[PDB]
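Letter by letter, the chains look like this.
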Amino acid sequence: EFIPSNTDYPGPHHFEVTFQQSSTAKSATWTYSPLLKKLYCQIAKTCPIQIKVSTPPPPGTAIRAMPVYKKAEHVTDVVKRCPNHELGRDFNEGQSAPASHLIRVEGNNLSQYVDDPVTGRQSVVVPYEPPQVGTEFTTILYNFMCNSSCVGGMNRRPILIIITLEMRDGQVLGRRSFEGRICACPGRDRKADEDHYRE
Amino acid sequence: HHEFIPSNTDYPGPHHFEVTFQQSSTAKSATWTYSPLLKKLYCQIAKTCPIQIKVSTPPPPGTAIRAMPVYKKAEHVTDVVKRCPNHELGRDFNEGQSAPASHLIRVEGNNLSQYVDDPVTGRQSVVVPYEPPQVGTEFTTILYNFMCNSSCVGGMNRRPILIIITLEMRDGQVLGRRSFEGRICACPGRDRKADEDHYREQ
Amino acid sequence: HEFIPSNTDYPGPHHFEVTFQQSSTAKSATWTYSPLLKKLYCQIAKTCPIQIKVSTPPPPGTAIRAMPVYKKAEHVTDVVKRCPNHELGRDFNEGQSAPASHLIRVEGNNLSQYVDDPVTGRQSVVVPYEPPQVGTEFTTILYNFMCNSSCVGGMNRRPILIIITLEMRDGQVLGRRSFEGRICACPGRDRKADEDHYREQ
Amino acid sequence: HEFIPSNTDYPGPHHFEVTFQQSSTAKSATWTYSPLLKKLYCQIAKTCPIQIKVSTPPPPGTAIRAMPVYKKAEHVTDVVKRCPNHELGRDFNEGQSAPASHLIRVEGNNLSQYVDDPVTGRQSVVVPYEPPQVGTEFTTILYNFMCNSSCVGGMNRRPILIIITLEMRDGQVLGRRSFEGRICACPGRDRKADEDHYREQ
DNA sequence: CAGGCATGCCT
DNA sequence: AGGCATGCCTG
DNA sequence: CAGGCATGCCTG
DNA sequence: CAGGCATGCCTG
Ligand SMILES: [Zn+2]
Ligand SMILES: [Zn+2]
Ligand SMILES: [Zn+2]
Ligand SMILES: [Zn+2]
């Protein structure tokens with residue numbers, strides 16, 4: 001799949017991706033704009049994402065996160081960290097994650113980082129865990145290692161984050177995508193975006 | 001089983017598990033005060049903090065109650081809550097203590113209190129078996145001590161924490177869970193007054 | 001050798017002098033110099049001409065060394081090098097005799113030697129001293145700077161000084177002049193802005 | 001066991017001077033020096049440049065030892081160490097050469113020798129003496145101070161003096177200088193507050 | 001036991 | 001830079 | 001933390 | 001080529 005699909009597909013387990021209530025602070029670690037279906041967050045901060053499933057998926061089921069560029073002109077490029085953050089010492093000493101992936105998982109020994117031999121795509125996968133008793137959602141901790149504005153990397157090009165519920169073989173059970181923007185001042189760039197969504 | 005992100009989502013369960021606090025002194029530098037307006041416990045380091053356990057139905061045998069701290073804010077949720085290096089290797093409240101110096105929470109006056117060190121999650125918790133309420137008391141009282149201030153550099157470093165109390169069986173299946181914010185400070189009455197006034201301006 | 005390179009001016013026996021010709025006043029001029037702030041403004045990879053003058057010819061085997069170093073003491077111990085992005089880029093790198101990490105290049109002189117000091121790690125570029133052409137007043141050296149002063153992963157908005165050292169075959173210092181360096185995209189803009197803030201309160 | 005090293009100001013033969021350069025007036029500047037109080041204000045683990053001037057070049061093997069001691073008499077018997085928090089902590093302790101437990105470290109010099117005096121228990125960091133470079137006035141040494149002055153478990157608000165000693169390879173003292181040290185979060189505020197009060201009294 | 005300070009850290 | 005947070009002293 | 005400056009790059 | 005912007009990062 002040179003161009004992975006971003007179509008919403010709830011599927012047999014009704015896969016839903018939601019965000020908790022976040023800070024309205026100008027430079028909060030992360031905020032979500034329901035209006036824009038757009039995640040804002042800062043580089044290397046913990047982003048908690050919320051999944052929901054109606055009926056649990058099969059043993060060996062898992063969650064996949066792949067970034068993809070928004071604009072049709074740039075969809076064919078694999079999304080990676082820019083050279084500066086990849087080679088730089090920040091967040092790279094003693095890390096299992098390959099220094100090249102844009103998306104990391106936090107707080108999970110069982111995270112596996114996939115480098116597709118055919119497509120070249122990079123993505124991070126964790127085995128599905130059912131919510132703990134009393135809890136409604138399962139929470140995956142995501143980190144994004146580059147700014148959307150990084151030159152040599154994303155280079156101010158918006159991306160979309162594809163979360164995919166898969167079967168151990170690879171069979172997609174559900175799919176959700178949202179816009180992702182890594183920036184320094186999320187509260188600011190959200191308010192600017194919405195004020196200009198008046199049109 | 002092992003969980004890396006302990007959920008603090010309140011869950012009463014089949015036994016209607018409830019965690020409440022008795023009346024507390026409003027004195028500035030009192031040993032502990034509780035703000036139900038904020039579900040926030042203010043207590044001093046290494047002082048006796050009674051907790052109230054209540055259930056509508058007696059729980060099964062081998063049931064216990066576990067007490068583990070977690071950082072409130074997700075940015076730090078992954079960090080295991082422990083003591084600061086100063087107090088861990090200090091000379092205070094560590095001489096001859098059946099408790100590991102590294103644990104933040106301890107139990108007072110219960111020789112059945114064991115301290116776990118989950119080697120998979122590295123998390124530290126304290127487990128005591130479920131004793132009923134004393135005849136004529138309507139609730140089970142559990143004495144907790146917290147051996148490191150919220151502000152201690154090298155450990156919590158001014159990071160809020162939550163205290164998760166969990167009602168579980170001998171194997172670890174959770175039956176019920178209540179959480180509340182914990183602040184280990186020096187002038188609990190002042191800092192409860194400050195917080196409560198702030199929430200009241202909006 | 002010396003892990004913290006000196007930047008103090010030293011004319012020495014030959015009155016080593018370092019000057020800049022007249023520069024354009026354009027916002028996006030390739031380079032401009034501010035004698036008020038002793039700062040140079042230049043563009044990435046653009047020819048920047050520096051002018052060298054001495055009163056009396058130095059001995060044979062004399063050289064000119066150009067070395068950058070951070071201005072603030074909290075950063076001086078770090079070596080000034082290209083950012084990863086420019087270093088690994090195809091631009092100005094394949095088909096070039098300069099190491100892709102050196103910040104300062106010499107334009108138009110194949111006798112220039114790029115030095116990586118094995119003990120101190122400092123990077124520099126050295127050219128043999130040449131007397132001004134006949135009837136000319138100064139020896140001009142064409143320098144190139146390969147990172148913007150703000151490049152993340154390299155200079156990272158940290159101010160540098162460029163140190164021009166007159167030295168002999170062995171390396172003894174015959175003279176030294178220095179001046180603050182700033183690589184950017186609009187040198188006229190940033191110069192007018194710093195000269196305006198020089199007259200503050 | 002007991003040492004109580006001298007802090008008596010003693011220039012000796014080579015005219016040993018220890019001075020400071022122009023520092024910032026900002027509240028949270030990294031470091032600042034009030035000649036009025038002979039007192040150095042600085043932030044924790046930040047680069048503090050020390051200027052050392054002499055007259056005659058000392059013998060070979062002559063080195064420079066920075067040792068901290070407490071000011072008030074009731075404390076001078078106590079050894080100035082790092083608090084257990086910063087010593088056992090990870091901050092500024094990963095991948096370095098200095099013992100986690102020292103207060104004073106030298107930044108940017110691999111010849112520095114951290115000394116654990118087996119008799120006196122005193123901790124000090126010794127660097128060899130290198131002369132100024134061609135054209136410069138002083139030898140600049142770069143010092144880091146690992147704890148705040150207010151660290152409980154360590155200094156604990158007690159003021160300290162830092163003893164800069166020029167000394168021979170045998171240990172013979174060729175000159176000594178001293179000044180108060182304060183490691184705080186806002187050196188400008190506290191220096192401004194310190195000078196103001198003294199002037200008013 | 002509350003008033004209030006010095007000083008780190010947030011605003 | 002201004003001011004608040006917060007351990008700890010003091011009376 | 002919110003305000004506004006610092007800068008590379010667009011735009012016409 | 002000058003005006004203006006987008007966005008990382010200080011400033012008070
Ligand atoms: Zn990047
Ligand atoms: Zn502690
Ligand atoms: Zn660069
Ligand atoms: Zn300390």
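Residues numbered from 1 in each chain as written, not as in the entry; some residues may be left out. Chains lettered and ligands numbered in written order. Heavy atoms only, no water. Residues with missing side-chain atoms left out of burial classes, pairs and counts.

The PDB entry annotates chain C as Tumor protein p73 of Homo sapiens. As recorded in the PDB, this entry has the title "Crystal structure of p73 DNA binding domain complex bound with 1 bp and 2 bp spacer DNA response elements".

Under the PDB entry, the name given to chain A is Tumor protein p73, and the source organism is Homo sapiens.

S.K.: I tried to follow the overall build of chain C on my own but got confused; where do I start?
M.R.: Scanning chain C from terminus to terminus reveals two helices and 11 strands. Going from N to C terminus, chain C has its helices and strands arranged as β-β-β-β-β-α-β-β-β-β-β-β-α. Against the globule reference of 17 Å for 201 residues, chain C gives a C-alpha radius of gyration of 16 Å, in line with a compact fold. A principal-axis box enclosing the C-alpha atoms of chain C has dimensions of 45 × 35 × 35 Å. (Helix = DSSP H or I, 4+ residues; strand = E, 2+ residues; numbered from the N terminus. Rg over C-alpha atoms; globule rule 2.2 N^0.38 Å.)

S.K.: Please clarify how the coordination of the zinc ion (ligand 3) should be interpreted in this entry.
M.R.: Reference geometry at the metal: tetrahedral coordination by four donors gives ideal angles of 109.5 degrees; octahedral coordination by six donors gives 90 or 180 degrees. Residues and elements named next belong to chain C. Protein-derived ligands of the zinc ion (ligand 3) are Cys-83 (SG), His-86 (ND1), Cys-147 (SG) and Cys-151 (SG), with the metal-ligand distances lying across 1.9 to 2.4 Å. Ordering the donors of the zinc ion (ligand 3) by residue number gives the pattern C-x2-H-x60-C-x3-C. Placement of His-86 in helix α1 (residues 84-88) and of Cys-151 in the loop between β9 (139-145) and β10 (160-167) is noted, with a sequence separation of 65 residues between them. Under the relative-accessibility criterion, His-86 is labelled partly exposed at 25%. With relative accessibility at 9%, the residue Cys-151 sits in the buried group. (Donors = N, O, S within 2.8 Å, 3.2 Å for Na, K, Ca; no water. Buried < 20%, exposed > 50% of the residue type's maximum accessible area, 1.4 Å probe, protein only.)

S.K.: Sorry, what's going on with the sheet that holds strand β6 (residues 103-106) of chain A here?
M.R.: Sheet strands associate in pairs through backbone hydrogen bonding, adopting either a parallel or an antiparallel arrangement. Residues and elements named next belong to chain A. Strand order in the open sheet made by the four strands is β1-β4-β9-β6, with antiparallel pairing throughout. Either end of the sheet is taken by a strand with one partner, and the two such strands are β1 (16-18) and β6. This sheet shows a mean twist of 40 degrees between the axes of neighbouring strands, independent of strand direction. (Pairing = 2+ DSSP bridges. Axes fitted to C-alpha atoms, helices over the stretch in contact; angles between N-to-C directions.)

S.K.: Mind showing me how you'd approach the protein's contact with DNA strand F here?
M.R.: Close contacts around DNA strand F come from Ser-151, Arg-183, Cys-185, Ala-186, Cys-187 and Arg-190 of chain B together with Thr-25, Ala-26, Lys-27 and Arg-189 of chain D, and that covers them all. Within 4 Å of the protein, the contacting atoms of DNA strand F are 41% sugar and phosphate, with bases supplying the remainder. Contact distances for DNA strand F include 2.5 Å between a phosphate oxygen and a side-chain N or O atom of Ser-151 of chain B. For DNA strand F, a base oxygen lies 3.0 Å from a polar atom in the side chain of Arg-189 of chain D. When its residues are assigned to classes, the surface near DNA strand F shows four nonpolar, two polar and four charged. (Near = heavy atom within 4 Å. Polar contact = N/O pair within 3.5 Å; in protein donor to acceptor, adjacent residues only side chain to side chain. Nonpolar A, V, L, I, M, F, W, Y, C, P; charged D, E, K, R; others polar.)

S.K.: I'm lost on the packing of aromatic side chains in this one. Help?
M.R.: One pair of aromatic rings is described through two measures. These are the centre distance and the angle between the planes. This model, assessed by the stated rule, comprises 13 aromatic pairs over all chains. Taking the centre distance of 5.1 Å and the plane angle of 85 degrees together, the rings of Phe-21 of chain B and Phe-180 of chain B count as edge-to-face. Here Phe-21 of chain B, found in the loop between β1 (18-20) and β2 (32-35), pairs with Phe-180 of chain B, found in strand β11 (residues 174-185); they are 159 residues apart in sequence, far enough to count as distant. In this pair, the class of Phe-21 of chain B matches that of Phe-180 of chain B, namely buried. Through successive ring pairs, a cluster of aromatic residues spans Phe-19, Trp-30, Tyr-32 and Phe-178 of chain A. Note that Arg-158 of chain C overlies the ring of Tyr-70 of chain C, its terminal NZ or CZ placed 4.1 Å from the centroid. (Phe/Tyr/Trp six-rings, centres within 6.5 Å; stacked < 30°, edge-to-face > 60°. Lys NZ or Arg CZ within 6 Å of the ring centre and 35° of its normal.)

S.K.: Explanation requested: the protein's contact with DNA strand G in the structure shown.
M.R.: Taken together, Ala-25, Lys-26 and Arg-188 of chain A together with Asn-148, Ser-150, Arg-157, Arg-182, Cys-184, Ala-185, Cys-186, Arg-189 and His-197 of chain C form the complete shell of residues around DNA strand G. Restricting the count to atoms of DNA strand G within 4 Å of the protein gives a sugar and phosphate share of 52%. Within the side chain of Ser-150 of chain C, an N or O atom sits 2.7 Å from a phosphate oxygen of DNA strand G. Between DNA strand G and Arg-182 of chain C there is a distance of 2.6 Å, counted from a phosphate oxygen to a side-chain nitrogen or oxygen. Counted by class, the surface near DNA strand G contains four nonpolar, three polar and five charged residues.

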